[PDB]
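Data block for start_25.txt (compact mmCIF, N, CA and C atoms):
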```
# COMPACT_ATOMS: atom_id res chain seq x y z
N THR D 2 53.75 43.15 166.19
CA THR D 2 54.28 42.35 167.29
C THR D 2 53.37 41.17 167.61
N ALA D 3 52.07 41.43 167.65
CA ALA D 3 51.04 40.40 167.77
C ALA D 3 50.36 40.15 166.44
N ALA D 4 51.06 40.41 165.35
CA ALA D 4 50.49 40.30 164.02
C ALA D 4 50.55 38.87 163.54
N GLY D 5 49.43 38.39 163.01
CA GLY D 5 49.33 37.04 162.53
C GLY D 5 48.97 36.02 163.57
N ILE D 6 48.49 36.45 164.73
CA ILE D 6 48.12 35.56 165.82
C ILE D 6 46.60 35.54 165.91
N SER D 7 46.06 34.35 166.13
CA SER D 7 44.63 34.14 166.18
C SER D 7 44.09 34.38 167.58
N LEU D 8 42.79 34.19 167.74
CA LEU D 8 42.20 34.14 169.07
C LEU D 8 42.62 32.89 169.83
N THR D 9 43.00 31.84 169.12
CA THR D 9 43.43 30.58 169.71
C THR D 9 44.94 30.46 169.83
N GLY D 10 45.69 31.50 169.46
CA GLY D 10 47.13 31.51 169.60
C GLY D 10 47.91 31.19 168.35
N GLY D 11 47.22 30.90 167.24
CA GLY D 11 47.86 30.50 166.01
C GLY D 11 47.63 31.45 164.86
N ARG D 12 47.82 30.95 163.65
CA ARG D 12 47.70 31.78 162.46
C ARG D 12 46.26 32.24 162.27
N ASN D 13 46.10 33.46 161.78
CA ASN D 13 44.78 34.05 161.64
C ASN D 13 44.13 33.60 160.33
N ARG D 14 42.92 34.11 160.08
CA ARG D 14 42.14 33.65 158.94
C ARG D 14 42.81 34.00 157.63
N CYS D 15 43.39 35.19 157.54
CA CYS D 15 43.98 35.71 156.31
C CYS D 15 45.50 35.83 156.44
N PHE D 16 46.12 34.82 157.04
CA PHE D 16 47.57 34.83 157.19
C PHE D 16 48.26 34.58 155.87
N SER D 17 47.82 33.56 155.13
CA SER D 17 48.56 33.09 153.97
C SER D 17 48.65 34.16 152.89
N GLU D 18 47.56 34.88 152.66
CA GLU D 18 47.56 35.95 151.67
C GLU D 18 48.50 37.07 152.09
N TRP D 19 48.48 37.42 153.37
CA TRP D 19 49.40 38.42 153.90
C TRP D 19 50.85 37.97 153.75
N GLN D 20 51.11 36.69 153.97
CA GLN D 20 52.48 36.19 153.92
C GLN D 20 52.97 36.13 152.48
N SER D 21 52.10 35.77 151.55
CA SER D 21 52.45 35.83 150.14
C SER D 21 52.78 37.26 149.73
N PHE D 22 51.91 38.20 150.10
CA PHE D 22 52.15 39.60 149.78
C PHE D 22 53.46 40.10 150.37
N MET D 23 53.80 39.66 151.58
CA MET D 23 55.04 40.13 152.19
C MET D 23 56.26 39.46 151.58
N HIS D 24 56.14 38.21 151.13
CA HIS D 24 57.20 37.61 150.33
C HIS D 24 57.45 38.43 149.07
N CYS D 25 56.37 38.83 148.39
CA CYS D 25 56.53 39.60 147.16
C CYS D 25 57.07 41.00 147.44
N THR D 26 56.76 41.58 148.60
CA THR D 26 57.37 42.86 148.94
C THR D 26 58.85 42.71 149.22
N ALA D 27 59.24 41.64 149.91
CA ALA D 27 60.66 41.39 150.15
C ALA D 27 61.42 41.17 148.86
N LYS D 28 60.78 40.56 147.86
CA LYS D 28 61.44 40.41 146.57
C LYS D 28 61.70 41.76 145.90
N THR D 29 60.86 42.75 146.16
CA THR D 29 60.71 43.90 145.28
C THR D 29 61.27 45.17 145.91
N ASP D 30 61.39 46.17 145.05
CA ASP D 30 61.75 47.54 145.36
C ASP D 30 60.53 48.43 145.19
N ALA D 31 60.66 49.69 145.61
CA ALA D 31 59.55 50.63 145.49
C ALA D 31 59.14 50.88 144.04
N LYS D 32 60.04 50.64 143.07
CA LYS D 32 59.67 50.78 141.66
C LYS D 32 59.07 49.50 141.09
N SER D 33 59.44 48.33 141.62
CA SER D 33 58.83 47.07 141.22
C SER D 33 57.74 46.62 142.17
N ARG D 34 57.26 47.51 143.04
CA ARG D 34 56.28 47.13 144.05
C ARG D 34 54.89 46.91 143.47
N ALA D 35 54.63 47.42 142.26
CA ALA D 35 53.34 47.22 141.62
C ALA D 35 53.11 45.79 141.16
N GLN D 36 54.14 44.95 141.16
CA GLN D 36 53.93 43.53 140.90
C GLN D 36 53.09 42.88 141.99
N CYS D 37 53.12 43.43 143.20
CA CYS D 37 52.41 42.89 144.35
C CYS D 37 50.97 43.38 144.44
N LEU D 38 50.40 43.85 143.34
CA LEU D 38 49.01 44.29 143.36
C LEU D 38 48.04 43.12 143.49
N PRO D 39 48.14 42.05 142.70
CA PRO D 39 47.20 40.94 142.89
C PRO D 39 47.27 40.30 144.27
N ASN D 40 48.46 40.23 144.86
CA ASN D 40 48.58 39.66 146.19
C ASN D 40 47.87 40.52 147.23
N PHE D 41 47.99 41.84 147.12
CA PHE D 41 47.30 42.71 148.06
C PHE D 41 45.80 42.67 147.83
N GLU D 42 45.37 42.56 146.58
CA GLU D 42 43.96 42.40 146.29
C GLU D 42 43.42 41.12 146.92
N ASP D 43 44.19 40.04 146.85
CA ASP D 43 43.78 38.79 147.48
C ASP D 43 43.67 38.94 148.99
N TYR D 44 44.65 39.59 149.62
CA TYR D 44 44.60 39.80 151.06
C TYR D 44 43.36 40.58 151.47
N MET D 45 43.09 41.68 150.77
CA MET D 45 41.92 42.48 151.09
C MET D 45 40.62 41.74 150.80
N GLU D 46 40.61 40.90 149.76
CA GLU D 46 39.43 40.10 149.47
C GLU D 46 39.16 39.09 150.57
N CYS D 47 40.21 38.43 151.06
CA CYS D 47 40.05 37.53 152.20
C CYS D 47 39.53 38.28 153.41
N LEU D 48 39.99 39.52 153.60
CA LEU D 48 39.55 40.28 154.76
C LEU D 48 38.07 40.62 154.67
N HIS D 49 37.64 41.24 153.56
CA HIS D 49 36.36 41.92 153.50
C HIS D 49 35.32 41.26 152.61
N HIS D 50 35.73 40.39 151.68
CA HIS D 50 34.81 39.59 150.88
C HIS D 50 33.91 40.47 150.01
N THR D 51 34.50 41.46 149.35
CA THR D 51 33.72 42.34 148.49
C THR D 51 33.36 41.66 147.18
N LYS D 52 34.35 41.07 146.52
CA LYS D 52 34.11 40.46 145.22
C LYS D 52 33.18 39.26 145.32
N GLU D 53 33.35 38.44 146.36
CA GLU D 53 32.45 37.31 146.56
C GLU D 53 31.03 37.79 146.83
N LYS D 54 30.89 38.91 147.53
CA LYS D 54 29.56 39.46 147.78
C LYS D 54 28.92 39.95 146.49
N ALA D 55 29.69 40.59 145.62
CA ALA D 55 29.14 41.03 144.34
C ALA D 55 28.77 39.84 143.46
N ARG D 56 29.61 38.81 143.46
CA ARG D 56 29.31 37.57 142.75
C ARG D 56 28.00 36.97 143.22
N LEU D 57 27.82 36.86 144.54
CA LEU D 57 26.59 36.29 145.06
C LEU D 57 25.40 37.20 144.79
N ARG D 58 25.62 38.51 144.72
CA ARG D 58 24.55 39.41 144.31
C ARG D 58 24.08 39.09 142.90
N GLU D 59 25.03 38.84 141.99
CA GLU D 59 24.66 38.46 140.63
C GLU D 59 23.90 37.14 140.61
N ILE D 60 24.40 36.14 141.34
CA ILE D 60 23.74 34.83 141.39
C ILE D 60 22.32 34.98 141.91
N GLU D 61 22.16 35.71 143.01
CA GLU D 61 20.85 35.89 143.60
C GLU D 61 19.92 36.64 142.67
N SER D 62 20.43 37.65 141.96
CA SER D 62 19.59 38.41 141.05
C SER D 62 19.11 37.54 139.89
N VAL D 63 19.95 36.60 139.43
CA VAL D 63 19.48 35.65 138.43
C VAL D 63 18.44 34.72 139.03
N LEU D 64 18.58 34.37 140.31
CA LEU D 64 17.54 33.60 140.99
C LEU D 64 16.29 34.43 141.29
N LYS D 65 16.35 35.74 141.10
CA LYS D 65 15.35 36.68 141.60
C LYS D 65 14.37 37.12 140.52
N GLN D 66 14.88 37.71 139.44
CA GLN D 66 14.06 38.37 138.44
C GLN D 66 13.88 37.54 137.17
N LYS D 67 14.87 36.73 136.79
CA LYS D 67 14.73 35.87 135.63
C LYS D 67 13.78 34.70 135.88
N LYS D 68 13.37 34.48 137.12
CA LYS D 68 12.38 33.46 137.47
C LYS D 68 11.01 34.07 137.77
N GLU D 69 10.97 35.10 138.62
CA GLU D 69 9.75 35.87 138.87
C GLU D 69 9.87 37.26 138.25
N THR N 82 105.03 104.58 144.03
CA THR N 82 105.96 103.60 144.59
C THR N 82 105.39 102.94 145.84
N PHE N 83 104.55 103.66 146.59
CA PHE N 83 103.86 103.07 147.72
C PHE N 83 102.79 102.08 147.30
N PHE N 84 102.33 102.14 146.06
CA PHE N 84 101.30 101.23 145.57
C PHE N 84 101.93 99.87 145.33
N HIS N 85 101.55 98.89 146.15
CA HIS N 85 102.03 97.52 146.03
C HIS N 85 100.85 96.56 146.00
N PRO N 86 100.04 96.62 144.95
CA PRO N 86 98.88 95.74 144.87
C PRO N 86 99.24 94.34 144.41
N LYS N 87 98.47 93.38 144.90
CA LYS N 87 98.60 92.01 144.44
C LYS N 87 98.34 91.95 142.94
N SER N 88 99.17 91.18 142.25
CA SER N 88 99.11 91.13 140.80
C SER N 88 97.81 90.51 140.31
N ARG N 89 97.54 90.75 139.03
CA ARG N 89 96.31 90.26 138.42
C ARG N 89 96.26 88.74 138.39
N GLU N 90 97.39 88.09 138.11
CA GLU N 90 97.41 86.63 138.01
C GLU N 90 97.07 85.98 139.34
N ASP N 91 97.70 86.45 140.42
CA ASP N 91 97.43 85.87 141.73
C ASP N 91 96.01 86.15 142.18
N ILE N 92 95.48 87.33 141.86
CA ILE N 92 94.09 87.64 142.17
C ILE N 92 93.16 86.66 141.46
N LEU N 93 93.39 86.46 140.16
CA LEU N 93 92.57 85.53 139.39
C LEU N 93 92.66 84.12 139.95
N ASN N 94 93.86 83.70 140.34
CA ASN N 94 94.03 82.34 140.85
C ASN N 94 93.33 82.16 142.19
N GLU N 95 93.43 83.14 143.08
CA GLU N 95 92.75 83.04 144.37
C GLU N 95 91.23 83.03 144.19
N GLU N 96 90.71 83.91 143.33
CA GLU N 96 89.29 83.90 143.04
C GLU N 96 88.85 82.58 142.43
N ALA N 97 89.68 82.00 141.57
CA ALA N 97 89.36 80.72 140.96
C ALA N 97 89.30 79.61 142.00
N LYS N 98 90.23 79.62 142.96
CA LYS N 98 90.20 78.63 144.03
C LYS N 98 88.94 78.78 144.87
N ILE N 99 88.52 80.03 145.11
CA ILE N 99 87.30 80.27 145.87
C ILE N 99 86.10 79.73 145.12
N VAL N 100 86.04 79.98 143.81
CA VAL N 100 84.90 79.53 143.02
C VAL N 100 84.90 78.01 142.90
N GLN N 101 86.08 77.40 142.89
CA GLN N 101 86.16 75.95 142.85
C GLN N 101 85.64 75.35 144.15
N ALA N 102 85.99 75.95 145.28
CA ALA N 102 85.43 75.51 146.56
C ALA N 102 83.92 75.67 146.58
N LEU N 103 83.41 76.77 146.01
CA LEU N 103 81.98 77.00 146.02
C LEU N 103 81.25 75.99 145.14
N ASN N 104 81.80 75.68 143.96
CA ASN N 104 81.18 74.67 143.11
C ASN N 104 81.28 73.29 143.73
N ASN N 105 82.35 73.02 144.49
CA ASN N 105 82.44 71.75 145.20
C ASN N 105 81.35 71.63 146.24
N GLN N 106 81.09 72.70 146.99
CA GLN N 106 79.99 72.67 147.95
C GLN N 106 78.65 72.51 147.26
N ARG N 107 78.49 73.13 146.09
CA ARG N 107 77.27 72.94 145.30
C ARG N 107 77.07 71.47 144.95
N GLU N 108 78.10 70.84 144.39
CA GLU N 108 77.97 69.45 143.97
C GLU N 108 77.77 68.53 145.16
N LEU N 109 78.37 68.85 146.31
CA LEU N 109 78.12 68.08 147.52
C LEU N 109 76.67 68.22 147.97
N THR N 110 76.11 69.43 147.90
CA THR N 110 74.72 69.62 148.29
C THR N 110 73.79 68.84 147.38
N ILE N 111 74.08 68.82 146.08
CA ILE N 111 73.26 68.05 145.15
C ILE N 111 73.39 66.56 145.44
N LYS N 112 74.61 66.09 145.69
CA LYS N 112 74.82 64.68 145.99
C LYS N 112 74.09 64.27 147.26
N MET N 113 74.10 65.12 148.28
CA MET N 113 73.42 64.78 149.52
C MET N 113 71.91 64.81 149.35
N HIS N 114 71.40 65.75 148.56
CA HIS N 114 69.97 65.75 148.28
C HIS N 114 69.56 64.52 147.49
N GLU N 115 70.49 63.94 146.72
CA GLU N 115 70.18 62.74 145.95
C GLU N 115 70.38 61.45 146.74
N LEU N 116 71.28 61.43 147.71
CA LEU N 116 71.51 60.21 148.49
C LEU N 116 70.42 60.03 149.54
N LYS N 117 69.99 61.12 150.15
CA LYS N 117 68.67 61.15 150.74
C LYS N 117 67.65 60.96 149.62
N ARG N 118 66.40 60.69 150.02
CA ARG N 118 65.30 60.35 149.13
C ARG N 118 65.72 59.35 148.06
N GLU N 119 66.55 58.39 148.46
CA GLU N 119 66.90 57.21 147.68
C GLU N 119 66.55 55.99 148.51
N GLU N 120 65.94 54.99 147.87
CA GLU N 120 65.39 53.85 148.59
C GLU N 120 66.48 53.08 149.30
N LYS N 121 66.29 52.86 150.60
CA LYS N 121 67.22 52.13 151.43
C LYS N 121 66.74 50.70 151.67
N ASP N 122 67.63 49.90 152.23
CA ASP N 122 67.35 48.50 152.48
C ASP N 122 66.45 48.33 153.69
N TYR N 123 65.81 47.16 153.76
CA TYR N 123 65.02 46.82 154.94
C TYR N 123 65.90 46.72 156.17
N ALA N 124 67.16 46.33 156.00
CA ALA N 124 68.07 46.25 157.13
C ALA N 124 68.49 47.63 157.61
N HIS N 125 68.59 48.59 156.70
CA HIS N 125 69.00 49.93 157.07
C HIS N 125 67.83 50.78 157.56
N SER N 126 66.62 50.48 157.11
CA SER N 126 65.46 51.30 157.41
C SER N 126 64.64 50.79 158.58
N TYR N 127 64.56 49.47 158.79
CA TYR N 127 63.74 48.90 159.85
C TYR N 127 64.53 48.08 160.85
N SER N 128 65.26 47.05 160.43
CA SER N 128 65.74 46.01 161.34
C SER N 128 67.02 45.38 160.80
N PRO N 129 68.19 45.70 161.37
CA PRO N 129 69.43 45.14 160.83
C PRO N 129 69.68 43.69 161.19
N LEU N 130 69.09 43.17 162.26
CA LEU N 130 69.33 41.79 162.69
C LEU N 130 68.29 40.84 162.12
N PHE N 131 67.02 41.05 162.46
CA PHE N 131 65.92 40.28 161.90
C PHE N 131 65.51 40.94 160.59
N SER N 132 66.27 40.62 159.55
CA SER N 132 66.16 41.28 158.26
C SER N 132 65.12 40.64 157.34
N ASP N 133 64.33 39.70 157.85
CA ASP N 133 63.30 39.05 157.04
C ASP N 133 61.98 39.79 157.24
N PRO N 134 61.43 40.47 156.23
CA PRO N 134 60.12 41.10 156.43
C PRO N 134 58.99 40.10 156.55
N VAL N 135 59.20 38.86 156.15
CA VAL N 135 58.11 37.89 156.08
C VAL N 135 57.66 37.55 157.49
N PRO N 136 56.37 37.66 157.82
CA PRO N 136 55.94 37.38 159.19
C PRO N 136 55.69 35.90 159.41
N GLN N 137 56.22 35.39 160.51
CA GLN N 137 55.91 34.05 161.02
C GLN N 137 54.99 34.25 162.21
N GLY N 138 53.73 33.86 162.06
CA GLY N 138 52.71 34.27 163.00
C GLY N 138 52.70 33.46 164.27
N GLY N 139 51.51 33.08 164.70
CA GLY N 139 51.37 32.26 165.88
C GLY N 139 51.97 30.88 165.69
N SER N 140 51.99 30.13 166.79
CA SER N 140 52.63 28.83 166.83
C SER N 140 51.84 27.77 167.58
N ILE N 141 50.67 28.09 168.12
CA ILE N 141 49.99 27.18 169.03
C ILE N 141 49.09 26.19 168.29
N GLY N 142 48.62 26.54 167.10
CA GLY N 142 47.78 25.66 166.32
C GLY N 142 48.19 25.66 164.87
N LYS N 143 49.50 25.77 164.63
CA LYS N 143 50.04 25.96 163.30
C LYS N 143 49.61 24.84 162.37
N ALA N 144 48.83 25.19 161.39
CA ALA N 144 48.29 24.25 160.42
C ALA N 144 49.27 24.08 159.28
N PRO N 145 49.66 22.85 158.93
CA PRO N 145 50.33 22.65 157.64
C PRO N 145 49.41 22.99 156.48
N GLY N 146 49.86 23.93 155.65
CA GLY N 146 49.05 24.52 154.61
C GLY N 146 48.77 25.99 154.80
N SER N 147 49.35 26.62 155.82
CA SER N 147 49.12 28.02 156.12
C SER N 147 50.19 28.94 155.57
N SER N 148 51.38 28.42 155.32
CA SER N 148 52.45 29.21 154.73
C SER N 148 52.24 29.33 153.23
N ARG N 149 52.68 30.45 152.68
CA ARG N 149 52.51 30.70 151.26
C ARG N 149 53.55 31.70 150.78
N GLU N 150 54.11 31.42 149.61
CA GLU N 150 55.08 32.29 148.97
C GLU N 150 54.41 33.05 147.82
```
Do you think you could lay out the structure here as structure tokens?
Amino acid sequence: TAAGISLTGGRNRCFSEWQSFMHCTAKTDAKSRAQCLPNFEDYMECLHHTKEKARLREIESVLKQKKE
Amino acid sequence: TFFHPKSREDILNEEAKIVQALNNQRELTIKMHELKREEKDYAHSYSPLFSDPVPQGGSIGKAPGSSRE
């Protein structure tokens, strides 16, 4: 009901990924719902930033041990 | 002479009608178990009027570039 609303009254930080995923769910059935896996992965990545954190861990480790 | 039993043919026919009714109820039970646990529409399961699952969020600072398909 209050889904997709910001603190300022507008779209939230991860609206677009959610909206893409919901477009793909509306296209699909429960048997074709696995097509919407990359969209849900994108939504969760926008939310929690796990993959970007692992990427930056790799970058930092190359800055860390390959130099000292 | 007092023995007036229903004939074999009519007995068989009545029993057959009973078994036909029973098999009909069987097939109805199977059909109903199959029509349940079958995927229904978004209009039948959630919302018959606002049938668009796609969310349109806030409106106070709507940025062009926020919608996505």
Exercise for the section: Rank D:61, D:69, D:43, D:53 by their smallest atom-to-atom distance to residue 19 of chain D, using only N, CA and C atoms, and report the top residue only. Expected result: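 Result for the nearest residue to residue 19 of chain D: D:43.
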Problem - Sel. of alpha helix (DSSP H) residues, chain D, as an MDAnalysis selection string - result: chainID D and resid 16:28 38:49 51:65
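You will find atom C of residue 147 of chain N at 27.6 Å from atom C of residue 121 of chain N.
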Exercise for the section: Extract, using only C-alpha atoms, all DNA, RNA and protein residues at most 8 Å from segment 25-42 of chain D, discarding same-chain residues fewer than 5 positions from it, and format them as a VMD selection string. Expected result: (chain D and resid 18 to 19) or (chain N and resid 120 133 to 135 150)
Completion exercise
What separates atom CA of residue 12 of chain D and atom CA of residue 51 of chain D is a distance of 22.4 Å
Problem - Gap from atom CA of residue 132 of chain N to atom CA of residue 23 of chain D - Å, one decimal - result: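 Between atom CA of residue 132 of chain N and atom CA of residue 23 of chain D the gap is 12.7 Å.
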Practice task
Using all atoms listed in the file, determine which residues of chain N fall within 5 Å of chain D; present them as a list in words.
Solution key: residues 138, 139, 140, 141, 142, 147, 149 and 150 of chain N
Size and centre in Å, one decimal, axis-aligned box, all listed segment 85-103 of chain N atoms plus 3 Å per side, as JSON:
```
{"center_x": 91.6, "center_y": 87.1, "center_z": 142.3, "size_x": 26.8, "size_y": 29.5, "size_z": 14.6}
```
